[PDB]
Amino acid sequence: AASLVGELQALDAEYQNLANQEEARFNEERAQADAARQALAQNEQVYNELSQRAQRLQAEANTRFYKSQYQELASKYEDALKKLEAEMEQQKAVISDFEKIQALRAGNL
């Protein structure tokens, strides 16, 4: 009886602490998704600009005296655009994961 009462109060302390940690962790993940959204919007513009640049370099490389170097620079841009793309995919998964838990939470009530 007296033990049961202490058990209940302990379980309530556990409940409260768990709810607070779940909530703090959700807010932390929200802050990371918000940061991913901004970084991704900025990477998408860099990608577009750089992709166009790289495409022009490789195309026009023949009207250039420094042909070898224009072909080289275009190739280096392509490599870097592959990495940029990889980074954007990760940002997208961070955002996607957050939207998924956000939706699961909204369905709780």
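For every residue, the number given is its place in the sequence shown, counted from 1.
For the two regions 55-63 and 33-41, the entry's Cα B-factors average higher over 55-63.
In the deposited entry, the Cα temperature factor of residue 94 sits in the bottom third of values across the chain's modelled residues.
Split the chain's modelled residues into thirds by C-alpha temperature factor. Residue 72 is in the lowest one.
Ranked by C-alpha B-factor against the other modelled residues of its chain, residue 22 falls in the lowest third. Residue 10: CA B factor in the highest third of modelled residues in this chain (values from the PDB entry).
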